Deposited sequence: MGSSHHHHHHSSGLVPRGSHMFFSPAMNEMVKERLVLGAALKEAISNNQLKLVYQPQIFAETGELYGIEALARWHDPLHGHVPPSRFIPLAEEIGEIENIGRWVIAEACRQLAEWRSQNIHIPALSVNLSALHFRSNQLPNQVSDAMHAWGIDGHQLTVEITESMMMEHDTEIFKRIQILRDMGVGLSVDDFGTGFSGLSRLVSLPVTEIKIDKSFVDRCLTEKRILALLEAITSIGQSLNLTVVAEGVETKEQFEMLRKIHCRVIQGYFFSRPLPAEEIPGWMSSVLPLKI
């Protein structure tokens, strides 16, 4: 805004723009399925600013221009940095809806990032919501298909068919324990994923009781506080070395 708008403008050049990573874990095996990359921004004042606070506030350089382009760059940078000691990771997810990607004129930044850093493709997954589904005929799915040719998976958020992953919002995970009809509604979603081999993932899983619930309705992967909060890049391999699987 009056000050931080220029500060966020120089987040790449002020040595404090980072990414945090949240682990996604299989239900039955307890093995690591993938990891979601979450953008972060630290400042000498006002401390750490979540993507729920600075991304809508970015209105000079980037709405898609420098925000989403840096996230995929660092994520691919981190994948290669991690591969330097261990391949380990099956896949890494990147939220496009949260980063306000919305604009559909720049899919090249993702492709070029896969070129600048080693291999990738099937190790990447893009996440969009219902608000980004069609967008007044901007040929989104036409450019998503181009990404699918590279091996990059597609992921749908909330919503409680060229997709590869379906994410379940926390608000729906909460209502399943008290309302068994919205549980059956999720059991319908997990029926689609089990039949069409689509990875259904559930966000915001806090307690043990709701994990056992998703366990018996055959929800593939669990993402939430029950396993681990979003973790920084430096202590991810140790976390996998220490406690994994968590069965």
Deposited residues without C-alpha coordinates, grouped into stretches that follow sequence order: 1-33, 194-204, 292
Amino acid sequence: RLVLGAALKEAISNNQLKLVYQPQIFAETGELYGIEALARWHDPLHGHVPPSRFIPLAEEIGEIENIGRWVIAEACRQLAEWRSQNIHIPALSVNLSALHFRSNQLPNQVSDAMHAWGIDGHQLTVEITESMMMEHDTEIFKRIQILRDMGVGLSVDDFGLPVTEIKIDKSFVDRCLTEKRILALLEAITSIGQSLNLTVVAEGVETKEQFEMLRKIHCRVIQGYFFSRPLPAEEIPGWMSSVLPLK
From here on, numbers count along this sequence of modelled residues.
Which of 164-172 and 142-150 has higher mean CA B factor, as the PDB entry lists it: 142-150
Higher-B stretch (mean Cα B-factor, as the entry records it), 51-59 or 191-199: 51-59
Highest recorded Cα temperature factor - choice among 216, 42, 208, 180: 42
Given 85, 93, 78, 104, the residue at which the Cα B factor reaches its maximum: 104
Chain-relative CA temperature factor third for residue 25: lowest
Residue 98, C-alpha B-factor rank within chain (lowest, middle or highest third): highest
Chain-relative CA temperature factor third for residue 65: highest
Relative C-alpha B-factor of residue 11, binned into the chain's lowest, middle or highest third: middle
CA B-factor ranking of residue 126, expressed as a third of its chain: lowest
